[PDB]
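Trainee: First the structure, which I've put down as structure tokens, then a few questions once you've had a look.
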Amino acid sequence: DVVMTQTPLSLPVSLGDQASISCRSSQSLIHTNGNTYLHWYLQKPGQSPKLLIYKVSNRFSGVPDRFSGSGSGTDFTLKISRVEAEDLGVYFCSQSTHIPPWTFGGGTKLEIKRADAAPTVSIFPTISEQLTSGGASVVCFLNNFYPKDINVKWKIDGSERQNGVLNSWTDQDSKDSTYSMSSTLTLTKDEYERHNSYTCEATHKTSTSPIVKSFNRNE
Amino acid sequence: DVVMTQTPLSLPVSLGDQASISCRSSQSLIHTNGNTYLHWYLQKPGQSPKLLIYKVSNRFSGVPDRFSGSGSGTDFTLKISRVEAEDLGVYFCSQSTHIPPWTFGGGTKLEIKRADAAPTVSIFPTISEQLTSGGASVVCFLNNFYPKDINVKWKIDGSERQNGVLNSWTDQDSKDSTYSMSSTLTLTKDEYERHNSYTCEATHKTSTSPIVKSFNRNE
Amino acid sequence: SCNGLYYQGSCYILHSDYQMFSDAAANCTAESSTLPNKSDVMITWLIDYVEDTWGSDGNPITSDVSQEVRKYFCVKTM
Amino acid sequence: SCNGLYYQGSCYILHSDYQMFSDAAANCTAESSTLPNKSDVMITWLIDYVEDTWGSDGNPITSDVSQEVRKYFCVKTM
Amino acid sequence: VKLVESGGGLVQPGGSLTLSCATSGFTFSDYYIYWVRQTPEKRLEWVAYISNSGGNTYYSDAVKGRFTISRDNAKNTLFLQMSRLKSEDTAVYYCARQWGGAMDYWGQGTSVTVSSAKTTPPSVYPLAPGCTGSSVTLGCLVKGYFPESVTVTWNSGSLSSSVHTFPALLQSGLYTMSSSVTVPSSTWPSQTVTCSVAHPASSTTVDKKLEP
Amino acid sequence: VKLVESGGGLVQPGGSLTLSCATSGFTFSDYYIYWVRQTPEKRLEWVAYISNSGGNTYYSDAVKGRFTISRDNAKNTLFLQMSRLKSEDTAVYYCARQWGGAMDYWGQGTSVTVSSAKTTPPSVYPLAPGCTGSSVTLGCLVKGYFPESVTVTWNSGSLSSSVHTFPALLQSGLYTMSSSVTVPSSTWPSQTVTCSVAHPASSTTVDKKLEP
Ligand SMILES: [Zn+2]
Ligand SMILES: [Zn+2]
Ligand SMILES: [Zn+2]
Ligand SMILES: [Zn+2]
Ligand SMILES: [Zn+2]
Ligand SMILES: [Zn+2]
Ligand SMILES: [Zn+2]
Ligand SMILES: [Zn+2]
């Protein structure tokens, strides 16, 4: 029951810039033996966690000079003096002073900072193959946007519907560093055929004007 | 400084007969822990010693029922109920009660018992190749005798000479179970040429008559 | 009446259950006791008994070892 | 004045030098002492200290082990 | 230094499972070892901890009395006996060596999934625009399947295309995912775009052709 | 279970030598181990003894202060550092594992020889009767050589022959041995008998023809 709180959750950085991640414990991590048992791990995509820094500021074997840990008591910091491509992934802080249990911070995802990009928005009516079996899934792709933070609204005949909305986000794109999401509105065939106009609406920091994609069942 | 005394030194046995070897310690081998630390080893020709029986009467792994150890205090016995060909070699008793040092008995050589055989005796004058370089080695082969115990006398002009006599014995013959020995009398060329008749004489339990082989330098 | 080691008015009770440091320290604390003081016991006959058991400084009485288990003595004054 | 474990008029002195049984037994004998008696110490608090050290019967206080080294206590009455 | 987990698989709630962690490149019996799990939320959660000899064991509250951590020092292998498995136990399970107060070397992990859901093939629905631009984005909705791992492969008439694979969502005990393909407007509908959806666990491959 | 000695060789008095004993098939650091030597008299003599950890060592009076027994538990190898070597130390040296109060497994041994004698080729002298019977026995005397290992191979005109090889005797710092061959009287001197004497250490082979 030592709570490790990490901020931020995502840190957008460009290559060559410095990064700093915060980790805070619910109680002091100073051990009666003089040492302070706070540790930093890196998890790369498709890989297990690896140890980077043990006991606040000690770099583990093979870990470059650009990574530096610091802090005391309850407040700790991981600094990356100049961010390289291989540093990308999730950083976890951990405590082993007040044990059991051994506890981990929630994690900080180091990510690529790029230019802003409005999403490419496409809406799709339910295929007849779904309709004739009694379902209606309306789908909205929101492709290649930056940054990650976006809002998607479903409108049926102009009014917002929150019922049966599922959203799935991609991880950062390796080709262009953008993000993509899929939004599905699930209705029954009967309920779908009770309305005419279907709209997915996207508000993004790239425009004060929402991106609107609609279709009319009678068109 | 616990002296282990083994008897006999050689034990002549025929195949299928029972054998018993004695081992006696200078002081009791009973350990305060109730056990008695006397052990028996077998050394086969060209092989290292192997453990047969540990703590008086315990057979080691793979050791057949025909081997049995017994005894107490200072007097111990190894029995072989029926001697097989693979049992041949040297048996060593050992103590590990009064330690250090760990001490071993002198050993008992288990040997094949066969019919008696008088030695085939050959005498050889010094080769001229030795003589012309100033040495005189007179050699006497005593081949294929049984048992091992034999006496060899060198006579120069009828009188026994003990000066410069070297004797070498073979181990038991694998073809016929006999023994062989070589006896060399080493004199100088000058001393050799001062005398006429050279004789090696062998007394063996096979005859009350000695086997005599001689040569005369003037013959 | 000291069922353990008696030294200079203190009584050292052997706990042969291997424990992590915190659990050992809390165990003595609950028994109105402390762990041994390294500098007190180091130059005494107690050292042969207390060696490699938990000290009050968080280390075994003599690489990092804060995640390991050791035995421990609970010390209480008479 | 017992620099070790005191029990029922006896004083148990820890010898932390690992020794074979004979050498340990002879060491105590020379110090006007005996090794611990297994049945005396087995159902006492001493057992946690004396476990796996040489007893007077020739075994560690609880496969053959007569050729191994153990630590030992020398016991002397007060 | 290497640590290799195995034994991960799909089990029903209330089921039992044993995970192993074979080790190499260090003296195994000299080291204390942890099991640490990574949840679907991608968080790290400590599970259990064992001493070098195995005389001391520790468990998190959530697995206390259900999981048993043990070791065989002769075989350089660590074990995690899991009984009374709940959906909450669904995770990638890591074994991790203790050094310097931290967990210095971790295995690649083994995946555990606790679910009563039966093996179900996906429904595949082609996503085509109703009744413009330099490019056209098309899709296939892959719905109501179990377990995970489907592969959507797109066939088009153009080499220049980008494919977006959207992570599965758990909806009514079953997974639903989507995939989009973006191609130049001069290649669709003028040439054929199809999505091939393979679901190994049900031995099924479904092709949908994208029709205007 | 295996134990393999090595490092045995020829050394001068006052010289130094280290013997090794590589082990296999059991956990090495769990076992106490002895060195035991076998003298030229073929007696067994205990030399040294080491505890499993290596914290305790014991020596016989004869090697006390000259020999050092040590171990490397990571390499499963036992050592015997020998200094100030005397001719009395000439032996086959065995390492032997302790079990049950006894020495349960022994290596094949390694041979040590302490001598100031220089490498010397043998003189070969043919032994022929002076100036009778069904068979004739002939010999070759192989004299004043160092070190040991000579091989006497006989060539005769007959397949039926017995060869007696007589163990070497140490005479004036140097070895002397003999070999006899017994052949039918109808094959010697009528056909040629020769003894070929090979001494590998001096790179010498000497043939003597046996002449009446
Ligand atoms: Zn705490
Ligand atoms: Zn992309
Ligand atoms: Zn409606
Ligand atoms: Zn004694
Ligand atoms: Zn023969
Ligand atoms: Zn004379
Ligand atoms: Zn207590
Ligand atoms: Zn003393």
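Chain labels A, B, ... are given in the sequence in which chains occur in the structure tokens; within each chain residues are numbered consecutively from 1, and ligands are likewise numbered from 1 in the order shown.
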What residues in region 51-200 of chain B get the DSSP label alpha helix (DSSP H)? Please answer as a count of residues only.
Mentor: 8
Trainee: Using only C-alpha atoms and a cut-off of 12 Å, which residues of chain F sit close to chain E? Please list them as a ChimeraX atom specification.
Mentor: /F:26-27,73-74
Trainee: Show which residues sit within 6 Å of region 30-34 of chain D, as a PyMOL selection string. Count only C-alpha atoms, and ignore same-chain residues fewer than 3 positions away.
Mentor: chain D and resi 27+74-76
Trainee: Kindly export the residues of the current selection with C-alpha atoms, as a compact mmCIF listing (two decimals), in the first residue's frame.
Mentor:
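Output file selection.txt follows:
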```txt
# COMPACT_ATOMS: atom_id res chain seq x y z
CA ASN D 27 38.65 -28.98 22.26
CA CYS D 74 31.43 -26.29 24.92
CA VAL D 75 29.27 -26.92 28.01
CA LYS D 76 30.59 -26.30 31.52
```
Trainee: Residues of chain B were defined as contacting chain D if any atom lay at most 12 Å from it, counting only C-alpha atoms; please report them as a list in words.
Mentor: residues 30, 31, 32, 33, 34, 35, 36, 37, 54, 55, 95, 96, 97, 98, 99, 100, 101 and 102 of chain B
Trainee: Do you know which residues are at most 6 Å from region 37-40 of chain F counting only C-alpha atoms, after dropping those on the same chain fewer than 5 positions away, and could you put them as a count of residues only?
Mentor: 5
Trainee: Taking the chain letters and numbering used in this document, name the residues of region 48-174 of chain E that DSSP puts in strand (DSSP E), as a ChimeraX atom specification.
Mentor: /E:48-50,57-59,67-72,77-82,91-99,102-106,110-114,123-127,135-145,151-155,162-171,174
Trainee: Name the residues in contact with region 127-144 of chain A at a cut-off of 8 Å, using only C-alpha atoms, excluding same-chain residues fewer than 3 positions from it; report them as a PyMOL selection string.
Mentor: (chain A and resi 117-124+178-190+192+200) or (chain E and resi 125-128+180)
Trainee: Could you take the residues named above and write them with N, CA and C atoms, as a compact mmCIF listing (two decimals), in the first residue's frame?
Mentor:
```txt
# COMPACT_ATOMS: atom_id res chain seq x y z
N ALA A 117 -2.16 17.70 -37.38
CA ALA A 117 -2.82 17.14 -38.55
C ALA A 117 -4.28 16.87 -38.23
N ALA A 118 -5.16 17.41 -39.07
CA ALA A 118 -6.59 17.14 -38.96
C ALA A 118 -6.85 15.71 -39.44
N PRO A 119 -7.81 15.02 -38.81
CA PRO A 119 -8.12 13.64 -39.21
C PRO A 119 -8.78 13.55 -40.58
N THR A 120 -8.45 12.48 -41.31
CA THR A 120 -9.19 12.10 -42.51
C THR A 120 -10.38 11.27 -42.05
N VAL A 121 -11.58 11.83 -42.21
CA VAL A 121 -12.80 11.22 -41.68
C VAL A 121 -13.64 10.54 -42.77
N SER A 122 -13.96 9.26 -42.56
CA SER A 122 -14.84 8.52 -43.47
C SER A 122 -15.97 7.84 -42.70
N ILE A 123 -17.20 8.00 -43.18
CA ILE A 123 -18.36 7.31 -42.61
C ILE A 123 -18.85 6.21 -43.57
N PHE A 124 -19.34 5.11 -43.01
CA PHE A 124 -19.82 3.99 -43.81
C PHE A 124 -21.18 3.52 -43.33
N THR A 178 1.36 9.77 -36.60
CA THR A 178 0.01 10.22 -36.29
C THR A 178 -0.74 9.20 -35.44
N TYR A 179 -2.02 9.48 -35.24
CA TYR A 179 -2.92 8.57 -34.57
C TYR A 179 -4.15 8.34 -35.43
N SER A 180 -4.80 7.20 -35.20
CA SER A 180 -6.02 6.86 -35.90
C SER A 180 -7.01 6.27 -34.93
N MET A 181 -8.29 6.49 -35.19
CA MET A 181 -9.31 5.82 -34.41
C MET A 181 -10.49 5.34 -35.25
N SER A 182 -11.17 4.34 -34.71
CA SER A 182 -12.37 3.78 -35.29
C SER A 182 -13.50 3.97 -34.29
N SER A 183 -14.63 4.44 -34.79
CA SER A 183 -15.81 4.62 -33.97
C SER A 183 -16.97 3.88 -34.63
N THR A 184 -17.57 2.96 -33.88
CA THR A 184 -18.72 2.19 -34.34
C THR A 184 -19.96 2.51 -33.51
N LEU A 185 -21.05 2.81 -34.21
CA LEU A 185 -22.36 2.96 -33.59
C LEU A 185 -23.18 1.72 -33.93
N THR A 186 -23.59 0.99 -32.89
CA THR A 186 -24.36 -0.23 -33.08
C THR A 186 -25.82 -0.02 -32.71
N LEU A 187 -26.68 -0.18 -33.72
CA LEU A 187 -28.12 -0.14 -33.55
C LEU A 187 -28.71 -1.44 -34.09
N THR A 188 -30.00 -1.66 -33.84
CA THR A 188 -30.72 -2.76 -34.47
C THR A 188 -31.18 -2.32 -35.85
N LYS A 189 -31.43 -3.28 -36.74
CA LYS A 189 -31.95 -2.99 -38.08
C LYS A 189 -33.20 -2.11 -38.02
N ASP A 190 -34.13 -2.47 -37.14
CA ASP A 190 -35.39 -1.74 -36.98
C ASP A 190 -35.18 -0.28 -36.56
N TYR A 192 -32.34 1.47 -36.87
CA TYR A 192 -31.61 2.11 -37.96
C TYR A 192 -32.57 2.65 -39.03
N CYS A 200 -21.03 11.31 -38.16
CA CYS A 200 -19.96 11.33 -37.17
C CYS A 200 -19.20 12.65 -37.29
N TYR E 125 -17.97 -7.87 -42.26
CA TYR E 125 -18.82 -6.93 -42.97
C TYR E 125 -17.97 -5.90 -43.71
N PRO E 126 -18.14 -5.82 -45.04
CA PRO E 126 -17.40 -4.83 -45.83
C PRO E 126 -17.94 -3.43 -45.59
N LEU E 127 -17.03 -2.48 -45.41
CA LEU E 127 -17.41 -1.09 -45.20
C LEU E 127 -17.06 -0.30 -46.46
N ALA E 128 -18.10 0.15 -47.16
CA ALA E 128 -17.96 0.94 -48.39
C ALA E 128 -18.74 2.24 -48.26
N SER E 180 -8.95 -0.60 -41.82
CA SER E 180 -9.20 0.30 -42.93
C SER E 180 -8.05 0.26 -43.91
```
Trainee: Kindly compile the residues surrounding ligand 3 within 12 Å, counting only C-alpha atoms and all ligand atoms, and format them as a list in words.
Mentor: residues 155, 156, 157, 158, 159, 160, 161, 163, 187, 188, 189, 190, 191, 192, 193, 194, 195, 196, 197 and 198 of chain A
Trainee: Could you please determine the separation between CA of residue 68 (chain E) and CA of residue 81 (chain E) in Å, to one decimal place?
Mentor: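 If I compute the distance from CA of residue 68 (chain E) to CA of residue 81 (chain E), I get 5.0 Å.
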